[PDB]
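Here's input_9.pdb, which has PDB, C-alpha atoms:
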```
ATOM      1  CA  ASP J   1     129.993 125.018 104.921  1.00  0.00           C
ATOM      2  CA  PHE J   2     129.297 121.635 106.509  1.00  0.00           C
ATOM      3  CA  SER J   3     129.679 120.005 103.099  1.00  0.00           C
ATOM      4  CA  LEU J   4     130.577 116.344 102.593  1.00  0.00           C
ATOM      5  CA  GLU J   5     131.478 114.116  99.642  1.00  0.00           C
ATOM      6  CA  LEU J   6     128.392 111.985  99.020  1.00  0.00           C
ATOM      7  CA  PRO J   7     126.976 109.706  96.299  1.00  0.00           C
ATOM      8  CA  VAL J   8     125.378 111.606  93.427  1.00  0.00           C
ATOM      9  CA  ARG J   9     121.589 111.360  93.593  1.00  0.00           C
ATOM     10  CA  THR J  10     119.008 111.948  90.890  1.00  0.00           C
ATOM     11  CA  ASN J  11     116.748 114.980  91.339  1.00  0.00           C
ATOM     12  CA  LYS J  12     113.022 115.407  90.770  1.00  0.00           C
ATOM     13  CA  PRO J  13     111.441 114.496  88.539  1.00  0.00           C
ATOM     14  CA  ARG J  14     113.191 111.176  89.153  1.00  0.00           C
ATOM     15  CA  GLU J  15     113.178 108.554  86.415  1.00  0.00           C
ATOM     16  CA  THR J  16     115.641 106.469  88.400  1.00  0.00           C
ATOM     17  CA  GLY J  17     116.610 106.318  92.087  1.00  0.00           C
ATOM     18  CA  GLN J  18     112.895 106.510  92.840  1.00  0.00           C
ATOM     19  CA  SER J  19     111.357 105.936  96.248  1.00  0.00           C
ATOM     20  CA  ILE J  20     107.785 104.668  96.507  1.00  0.00           C
ATOM     21  CA  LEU J  21     106.275 105.012  99.981  1.00  0.00           C
ATOM     22  CA  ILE J  22     103.243 103.031 101.061  1.00  0.00           C
ATOM     23  CA  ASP J  23     100.258 104.598 102.823  1.00  0.00           C
ATOM     24  CA  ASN J  24      98.414 101.951 104.879  1.00  0.00           C
ATOM     25  CA  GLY J  25      95.720 104.392 105.983  1.00  0.00           C
ATOM     26  CA  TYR J  26      97.504 107.278 107.719  1.00  0.00           C
ATOM     27  CA  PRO J  27      95.346 110.065 109.160  1.00  0.00           C
ATOM     28  CA  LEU J  28      95.296 113.265 107.076  1.00  0.00           C
ATOM     29  CA  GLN J  29      97.276 115.688 109.251  1.00  0.00           C
ATOM     30  CA  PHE J  30     100.069 113.211 109.955  1.00  0.00           C
ATOM     31  CA  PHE J  31     100.091 112.451 106.215  1.00  0.00           C
ATOM     32  CA  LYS J  32     100.512 116.138 105.290  1.00  0.00           C
ATOM     33  CA  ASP J  33     103.131 116.626 107.997  1.00  0.00           C
ATOM     34  CA  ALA J  34     105.157 113.629 106.764  1.00  0.00           C
ATOM     35  CA  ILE J  35     104.979 114.665 103.100  1.00  0.00           C
ATOM     36  CA  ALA J  36     105.930 118.253 103.910  1.00  0.00           C
ATOM     37  CA  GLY J  37     108.951 117.201 105.907  1.00  0.00           C
ATOM     38  CA  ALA J  38     110.455 114.832 103.349  1.00  0.00           C
ATOM     39  CA  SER J  39     108.936 115.598  99.935  1.00  0.00           C
ATOM     40  CA  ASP J  40     112.276 116.035  98.152  1.00  0.00           C
ATOM     41  CA  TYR J  41     112.986 112.350  98.816  1.00  0.00           C
ATOM     42  CA  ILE J  42     109.540 110.983  97.962  1.00  0.00           C
ATOM     43  CA  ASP J  43     108.658 110.286  94.334  1.00  0.00           C
ATOM     44  CA  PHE J  44     105.539 108.110  94.621  1.00  0.00           C
ATOM     45  CA  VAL J  45     103.026 107.257  97.322  1.00  0.00           C
ATOM     46  CA  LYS J  46     101.021 104.071  96.927  1.00  0.00           C
ATOM     47  CA  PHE J  47      97.660 103.922  98.681  1.00  0.00           C
ATOM     48  CA  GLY J  48      97.926 100.327  99.875  1.00  0.00           C
ATOM     49  CA  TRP J  49      95.633  97.656  98.453  1.00  0.00           C
ATOM     50  CA  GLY J  50      92.010  98.746  98.963  1.00  0.00           C
ATOM     51  CA  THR J  51      92.617 101.366 101.666  1.00  0.00           C
ATOM     52  CA  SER J  52      91.756 104.244  99.324  1.00  0.00           C
ATOM     53  CA  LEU J  53      88.128 103.066  99.280  1.00  0.00           C
ATOM     54  CA  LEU J  54      87.856 103.618 103.033  1.00  0.00           C
ATOM     55  CA  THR J  55      89.764 106.911 102.989  1.00  0.00           C
ATOM     56  CA  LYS J  56      87.408 109.833 103.531  1.00  0.00           C
ATOM     57  CA  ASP J  57      90.114 112.442 102.878  1.00  0.00           C
ATOM     58  CA  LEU J  58      91.509 110.829  99.722  1.00  0.00           C
ATOM     59  CA  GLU J  59      91.004 114.016  97.695  1.00  0.00           C
ATOM     60  CA  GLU J  60      93.026 116.077 100.180  1.00  0.00           C
ATOM     61  CA  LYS J  61      95.800 113.496 100.318  1.00  0.00           C
ATOM     62  CA  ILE J  62      96.102 113.501  96.519  1.00  0.00           C
ATOM     63  CA  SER J  63      96.044 117.303  96.419  1.00  0.00           C
ATOM     64  CA  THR J  64      98.868 117.459  98.989  1.00  0.00           C
ATOM     65  CA  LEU J  65     100.925 115.027  96.904  1.00  0.00           C
ATOM     66  CA  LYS J  66     100.481 116.880  93.593  1.00  0.00           C
ATOM     67  CA  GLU J  67     101.356 120.080  95.444  1.00  0.00           C
ATOM     68  CA  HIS J  68     104.678 118.547  96.548  1.00  0.00           C
ATOM     69  CA  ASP J  69     105.453 116.985  93.159  1.00  0.00           C
ATOM     70  CA  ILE J  70     104.703 113.402  94.164  1.00  0.00           C
ATOM     71  CA  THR J  71     102.947 110.811  92.006  1.00  0.00           C
ATOM     72  CA  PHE J  72     100.336 108.450  93.401  1.00  0.00           C
ATOM     73  CA  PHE J  73      98.589 105.229  92.541  1.00  0.00           C
ATOM     74  CA  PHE J  74      96.359 102.623  94.141  1.00  0.00           C
ATOM     75  CA  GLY J  75      97.611  99.191  95.147  1.00  0.00           C
ATOM     76  CA  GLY J  76      97.347  96.512  92.474  1.00  0.00           C
ATOM     77  CA  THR J  77      95.067  94.505  94.756  1.00  0.00           C
ATOM     78  CA  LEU J  78      92.402  97.141  94.126  1.00  0.00           C
ATOM     79  CA  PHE J  79      92.673  96.491  90.387  1.00  0.00           C
ATOM     80  CA  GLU J  80      92.424  92.747  91.028  1.00  0.00           C
ATOM     81  CA  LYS J  81      89.412  93.237  93.287  1.00  0.00           C
ATOM     82  CA  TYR J  82      87.465  94.963  90.517  1.00  0.00           C
ATOM     83  CA  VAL J  83      88.623  92.369  87.988  1.00  0.00           C
ATOM     84  CA  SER J  84      87.416  89.557  90.277  1.00  0.00           C
ATOM     85  CA  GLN J  85      83.946  91.080  90.122  1.00  0.00           C
ATOM     86  CA  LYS J  86      84.003  91.891  86.390  1.00  0.00           C
ATOM     87  CA  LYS J  87      83.991  95.619  87.068  1.00  0.00           C
ATOM     88  CA  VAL J  88      87.244  96.611  85.382  1.00  0.00           C
ATOM     89  CA  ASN J  89      85.484  99.613  83.859  1.00  0.00           C
ATOM     90  CA  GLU J  90      84.628 100.947  87.314  1.00  0.00           C
ATOM     91  CA  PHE J  91      88.290 100.646  88.259  1.00  0.00           C
ATOM     92  CA  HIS J  92      89.128 102.581  85.095  1.00  0.00           C
ATOM     93  CA  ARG J  93      86.586 105.288  85.924  1.00  0.00           C
ATOM     94  CA  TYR J  94      87.899 105.328  89.497  1.00  0.00           C
ATOM     95  CA  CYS J  95      91.516 105.962  88.484  1.00  0.00           C
ATOM     96  CA  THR J  96      90.446 108.521  85.906  1.00  0.00           C
ATOM     97  CA  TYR J  97      88.194 110.319  88.384  1.00  0.00           C
ATOM     98  CA  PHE J  98      91.038 110.885  90.846  1.00  0.00           C
ATOM     99  CA  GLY J  99      93.289 111.989  87.987  1.00  0.00           C
ATOM    100  CA  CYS J 100      95.750 109.093  88.084  1.00  0.00           C
ATOM    101  CA  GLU J 101      98.803 109.331  85.849  1.00  0.00           C
ATOM    102  CA  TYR J 102     100.076 105.946  87.033  1.00  0.00           C
ATOM    103  CA  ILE J 103      98.229 102.758  88.008  1.00  0.00           C
ATOM    104  CA  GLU J 104      99.410  99.395  89.264  1.00  0.00           C
ATOM    105  CA  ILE J 105      98.456  96.123  87.611  1.00  0.00           C
ATOM    106  CA  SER J 106      99.232  92.836  89.336  1.00  0.00           C
ATOM    107  CA  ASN J 107      98.143  89.213  89.658  1.00  0.00           C
ATOM    108  CA  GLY J 108      99.400  88.470  93.152  1.00  0.00           C
ATOM    109  CA  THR J 109      96.043  87.324  94.507  1.00  0.00           C
ATOM    110  CA  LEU J 110      93.539  86.723  91.732  1.00  0.00           C
ATOM    111  CA  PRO J 111      94.438  83.475  89.899  1.00  0.00           C
ATOM    112  CA  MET J 112      95.573  84.925  86.589  1.00  0.00           C
ATOM    113  CA  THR J 113      98.469  84.077  84.282  1.00  0.00           C
ATOM    114  CA  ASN J 114     101.109  86.738  83.708  1.00  0.00           C
ATOM    115  CA  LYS J 115     100.016  86.610  80.061  1.00  0.00           C
ATOM    116  CA  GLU J 116      96.482  87.622  81.033  1.00  0.00           C
ATOM    117  CA  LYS J 117      97.977  90.253  83.326  1.00  0.00           C
ATOM    118  CA  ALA J 118     100.061  91.546  80.419  1.00  0.00           C
ATOM    119  CA  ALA J 119      96.924  91.957  78.309  1.00  0.00           C
ATOM    120  CA  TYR J 120      95.594  94.309  80.990  1.00  0.00           C
ATOM    121  CA  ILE J 121      98.891  96.201  80.998  1.00  0.00           C
ATOM    122  CA  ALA J 122      98.511  96.646  77.240  1.00  0.00           C
ATOM    123  CA  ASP J 123      94.877  97.795  77.538  1.00  0.00           C
ATOM    124  CA  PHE J 124      95.635 100.485  80.138  1.00  0.00           C
ATOM    125  CA  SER J 125      98.990 101.628  78.724  1.00  0.00           C
ATOM    126  CA  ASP J 126      97.361 103.915  76.161  1.00  0.00           C
ATOM    127  CA  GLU J 127      95.744 105.924  78.959  1.00  0.00           C
ATOM    128  CA  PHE J 128      98.063 105.477  81.940  1.00  0.00           C
ATOM    129  CA  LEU J 129     101.723 104.912  82.711  1.00  0.00           C
ATOM    130  CA  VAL J 130     101.609 101.355  84.045  1.00  0.00           C
ATOM    131  CA  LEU J 131     103.579  99.866  86.919  1.00  0.00           C
ATOM    132  CA  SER J 132     103.212  96.098  86.904  1.00  0.00           C
ATOM    133  CA  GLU J 133     104.098  93.701  89.670  1.00  0.00           C
ATOM    134  CA  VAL J 134     105.686  90.302  89.215  1.00  0.00           C
ATOM    135  CA  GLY J 135     104.964  87.779  91.936  1.00  0.00           C
ATOM    136  CA  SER J 136     102.179  86.274  94.019  1.00  0.00           C
ATOM    137  CA  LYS J 137     101.144  86.912  97.626  1.00  0.00           C
ATOM    138  CA  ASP J 138     101.369  83.136  98.095  1.00  0.00           C
ATOM    139  CA  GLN J 139     105.871  77.347  92.116  1.00  0.00           C
ATOM    140  CA  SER J 140     107.848  79.637  89.826  1.00  0.00           C
ATOM    141  CA  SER J 141     111.547  79.407  88.966  1.00  0.00           C
ATOM    142  CA  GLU J 142     113.078  81.990  86.638  1.00  0.00           C
ATOM    143  CA  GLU J 143     109.784  82.308  84.804  1.00  0.00           C
ATOM    144  CA  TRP J 144     110.194  85.503  86.822  1.00  0.00           C
ATOM    145  CA  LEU J 145     112.514  86.971  84.228  1.00  0.00           C
ATOM    146  CA  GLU J 146     110.055  85.918  81.554  1.00  0.00           C
ATOM    147  CA  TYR J 147     107.187  87.697  83.282  1.00  0.00           C
ATOM    148  CA  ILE J 148     109.302  90.844  83.614  1.00  0.00           C
ATOM    149  CA  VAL J 149     110.181  90.915  79.897  1.00  0.00           C
ATOM    150  CA  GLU J 150     106.579  90.057  79.082  1.00  0.00           C
ATOM    151  CA  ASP J 151     105.341  92.962  81.225  1.00  0.00           C
ATOM    152  CA  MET J 152     107.798  95.336  79.577  1.00  0.00           C
ATOM    153  CA  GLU J 153     106.718  94.196  76.116  1.00  0.00           C
ATOM    154  CA  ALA J 154     103.105  94.845  77.165  1.00  0.00           C
ATOM    155  CA  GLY J 155     103.931  98.464  77.978  1.00  0.00           C
ATOM    156  CA  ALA J 156     104.911  98.598  81.649  1.00  0.00           C
ATOM    157  CA  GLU J 157     106.682 101.870  82.482  1.00  0.00           C
ATOM    158  CA  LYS J 158     108.499  99.947  85.230  1.00  0.00           C
ATOM    159  CA  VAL J 159     108.222  96.505  86.820  1.00  0.00           C
ATOM    160  CA  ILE J 160     107.898  95.991  90.572  1.00  0.00           C
ATOM    161  CA  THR J 161     109.372  92.836  92.081  1.00  0.00           C
ATOM    162  CA  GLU J 162     110.661  91.194  95.274  1.00  0.00           C
ATOM    163  CA  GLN J 163     118.675  88.966  96.705  1.00  0.00           C
ATOM    164  CA  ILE J 164     119.927  86.894  93.772  1.00  0.00           C
ATOM    165  CA  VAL J 165     117.138  87.739  91.314  1.00  0.00           C
ATOM    166  CA  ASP J 166     119.208  90.905  91.110  1.00  0.00           C
ATOM    167  CA  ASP J 167     122.193  89.173  89.504  1.00  0.00           C
ATOM    168  CA  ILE J 168     119.886  87.128  87.298  1.00  0.00           C
ATOM    169  CA  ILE J 169     118.390  90.404  86.054  1.00  0.00           C
ATOM    170  CA  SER J 170     121.867  91.616  85.095  1.00  0.00           C
ATOM    171  CA  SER J 171     121.408  89.674  81.856  1.00  0.00           C
ATOM    172  CA  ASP J 172     120.836  92.746  79.681  1.00  0.00           C
ATOM    173  CA  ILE J 173     117.568  93.890  81.260  1.00  0.00           C
ATOM    174  CA  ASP J 174     117.910  97.548  82.305  1.00  0.00           C
ATOM    175  CA  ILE J 175     117.982  97.486  86.110  1.00  0.00           C
ATOM    176  CA  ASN J 176     116.614 101.047  86.024  1.00  0.00           C
ATOM    177  CA  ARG J 177     113.350  99.703  84.596  1.00  0.00           C
ATOM    178  CA  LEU J 178     112.853  97.742  87.827  1.00  0.00           C
ATOM    179  CA  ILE J 179     111.627  98.671  91.287  1.00  0.00           C
ATOM    180  CA  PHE J 180     112.361  96.489  94.312  1.00  0.00           C
ATOM    181  CA  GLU J 181     110.159  96.241  97.379  1.00  0.00           C
ATOM    182  CA  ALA J 182     112.175  97.051 100.493  1.00  0.00           C
ATOM    183  CA  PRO J 183     109.826  97.374 103.520  1.00  0.00           C
ATOM    184  CA  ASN J 184     112.723  97.345 106.004  1.00  0.00           C
ATOM    185  CA  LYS J 185     116.287  98.576 106.550  1.00  0.00           C
ATOM    186  CA  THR J 186     117.880  95.207 105.793  1.00  0.00           C
ATOM    187  CA  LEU J 187     116.271  95.003 102.353  1.00  0.00           C
ATOM    188  CA  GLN J 188     116.877  98.702 101.603  1.00  0.00           C
ATOM    189  CA  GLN J 189     120.587  98.599 102.437  1.00  0.00           C
ATOM    190  CA  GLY J 190     121.047  95.353 100.530  1.00  0.00           C
ATOM    191  CA  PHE J 191     119.556  96.756  97.325  1.00  0.00           C
ATOM    192  CA  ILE J 192     121.497  99.986  97.675  1.00  0.00           C
ATOM    193  CA  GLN J 193     124.682  97.948  98.145  1.00  0.00           C
ATOM    194  CA  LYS J 194     124.119  95.741  95.082  1.00  0.00           C
ATOM    195  CA  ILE J 195     122.680  98.301  92.674  1.00  0.00           C
ATOM    196  CA  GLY J 196     123.741 101.665  94.045  1.00  0.00           C
ATOM    197  CA  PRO J 197     122.384 104.928  95.553  1.00  0.00           C
ATOM    198  CA  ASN J 198     119.846 105.269  92.740  1.00  0.00           C
ATOM    199  CA  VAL J 199     118.175 101.874  92.873  1.00  0.00           C
ATOM    200  CA  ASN J 200     114.359 102.143  92.600  1.00  0.00           C
ATOM    201  CA  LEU J 201     112.589 101.001  95.792  1.00  0.00           C
ATOM    202  CA  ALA J 202     108.956 100.470  96.809  1.00  0.00           C
ATOM    203  CA  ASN J 203     106.876  99.736  99.914  1.00  0.00           C
ATOM    204  CA  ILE J 204     109.000 102.178 101.866  1.00  0.00           C
ATOM    205  CA  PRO J 205     107.268 102.883 105.168  1.00  0.00           C
ATOM    206  CA  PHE J 206     106.399 106.510 105.912  1.00  0.00           C
ATOM    207  CA  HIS J 207     108.694 106.512 108.938  1.00  0.00           C
ATOM    208  CA  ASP J 208     111.659 105.748 106.628  1.00  0.00           C
ATOM    209  CA  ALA J 209     111.240 108.803 104.327  1.00  0.00           C
ATOM    210  CA  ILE J 210     114.365 110.515 105.706  1.00  0.00           C
ATOM    211  CA  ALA J 211     116.063 107.324 106.909  1.00  0.00           C
ATOM    212  CA  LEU J 212     116.081 105.765 103.430  1.00  0.00           C
ATOM    213  CA  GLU J 213     117.715 108.868 101.994  1.00  0.00           C
ATOM    214  CA  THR J 214     120.489 108.619 104.620  1.00  0.00           C
ATOM    215  CA  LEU J 215     121.100 105.042 103.480  1.00  0.00           C
ATOM    216  CA  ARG J 216     121.357 106.127  99.833  1.00  0.00           C
ATOM    217  CA  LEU J 217     123.843 108.845 100.830  1.00  0.00           C
ATOM    218  CA  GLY J 218     125.957 106.655 103.091  1.00  0.00           C
ATOM    219  CA  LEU J 219     124.937 108.792 106.072  1.00  0.00           C
ATOM    220  CA  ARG J 220     124.064 105.698 108.088  1.00  0.00           C
ATOM    221  CA  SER J 221     126.430 102.937 109.231  1.00  0.00           C
ATOM    222  CA  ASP J 222     125.000 100.253 106.909  1.00  0.00           C
ATOM    223  CA  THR J 223     126.111 102.065 103.741  1.00  0.00           C
ATOM    224  CA  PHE J 224     128.745 104.320 105.280  1.00  0.00           C
ATOM    225  CA  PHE J 225     131.374 103.337 102.692  1.00  0.00           C
TER     226      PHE J 225
END
```
Rewrite the structure of this file - the entire thing - as structure tokens.
Amino acid sequence: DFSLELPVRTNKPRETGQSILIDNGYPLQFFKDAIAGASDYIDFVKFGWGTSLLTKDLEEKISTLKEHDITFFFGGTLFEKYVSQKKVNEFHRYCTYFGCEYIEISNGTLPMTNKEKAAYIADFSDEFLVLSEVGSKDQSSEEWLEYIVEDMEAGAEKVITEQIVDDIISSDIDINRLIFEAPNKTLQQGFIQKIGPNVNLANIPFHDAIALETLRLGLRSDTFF
């Protein structure tokens, strides 16, 4: 018809070539409108850090996501916030209440060793599919690789990280088990170029739902070839 030869993409449910968008507090109607228009290319939606706590229409947002076959989870900073106040059980009851399938565990803010973080991954892994994050919001050499393996051994479904670390990873660690944060076009195109059309990416802004897919398909100049 108007057919073109394009890179082969994974289809939902995606276990690879996943796209995780970040919701920084979008109003409900715009949220529904955005999800409806690009759902086929959205696999996860992360409710940024502690924004979910101040979201009055959280229930409706989650319902809209489930309805469009999209997984959700709360930012790892929320987990850390409850840990910092010794209320991990409330966090657990919070994720369970909203029917979370996935949850993020990180140690980017709260001073905590990856080892301690891994223990939390292990504790929650028998109830949730865990996405862990390696890195701090603030040092560390290739201990990075160690933390990734450690996280995986603890039970992390996938590991989120922040481009040479890419080549370093190509040391027998399945690249498909990793998710790379790419909040802008430059980062997105770079990861797609090094790993391919089905690289797993996170922190994708809502306005890039369609745009990211064009990058994966070589429908934009940056990845044309």
Which residues, written as a JSON list (two decimals) with C-alpha atoms, in the frame of the given file, have at least one atom at most 10 Å from residue 98 in chain J, with all atoms listed in the file counted and residues fewer than 4 positions away on the same chain left out?
```json
[["chain", "number", "residue", "atom", "x", "y", "z"],
["J", 58, "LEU", "CA", 91.51, 110.83, 99.72],
["J", 59, "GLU", "CA", 91.00, 114.02, 97.70],
["J", 62, "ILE", "CA", 96.10, 113.50, 96.52],
["J", 63, "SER", "CA", 96.04, 117.30, 96.42],
["J", 72, "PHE", "CA", 100.34, 108.45, 93.40],
["J", 73, "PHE", "CA", 98.59, 105.23, 92.54],
["J", 93, "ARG", "CA", 86.59, 105.29, 85.92],
["J", 94, "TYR", "CA", 87.90, 105.33, 89.50]]
```
Could you give me, as a CSV table (one decimal) with C-alpha atoms, in the frame of the given file, the residues that sit within 9 Å of (107.0, 108.0, 109.8) in the file's coordinates, counting all atoms listed in the file?
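Output (result-v4.csv):
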```
chain,number,residue,atom,x,y,z
J,30,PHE,CA,100.1,113.2,110.0
J,31,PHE,CA,100.1,112.5,106.2
J,34,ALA,CA,105.2,113.6,106.8
J,205,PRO,CA,107.3,102.9,105.2
J,206,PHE,CA,106.4,106.5,105.9
J,207,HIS,CA,108.7,106.5,108.9
J,208,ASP,CA,111.7,105.7,106.6
J,209,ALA,CA,111.2,108.8,104.3
J,210,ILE,CA,114.4,110.5,105.7
```
**OP:** Return as a PyMOL selection string the set of residues that the PyMOL selection byres ((chain J and resi 200) around 8) yields on the displayed structure.
**Re:** chain J and resi 16-19+176+178-180+198-199+201-202
Subject >> For CA of residue 75 in chain J and CA of residue 196 in chain J, the interatomic separation in Å (one decimal) >> reply: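 Answer for the CA of residue 75 in chain J to CA of residue 196 in chain J separation: 26.3 Å.
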**OP:** Report as an NGL selection string the residues that result from applying the PyMOL selection byres ((chain J and resi 115-123) around 9) to the structure here.
**Re:** :J and (104-107 or 112-114 or 124-127 or 130-132 or 147 or 150-156)
Subject >> Residue IDs satisfying the PyMOL selection byres ((chain J and resi 5) around 12), as number ranges by chain >> reply: J: 2-4, 6-9, 217-219, 224-225
**OP:** Using all atoms listed in the file, collect all residues at a distance of at most 7 Å from (91.4, 110.3, 105.9) as written in the file, then present them as a VMD selection string.
**Re:** chain J and resid 27 to 28 55 to 58
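The coordinates place CA of residue 139 in chain J at 24.8 Å from CA of residue 172 in chain J.
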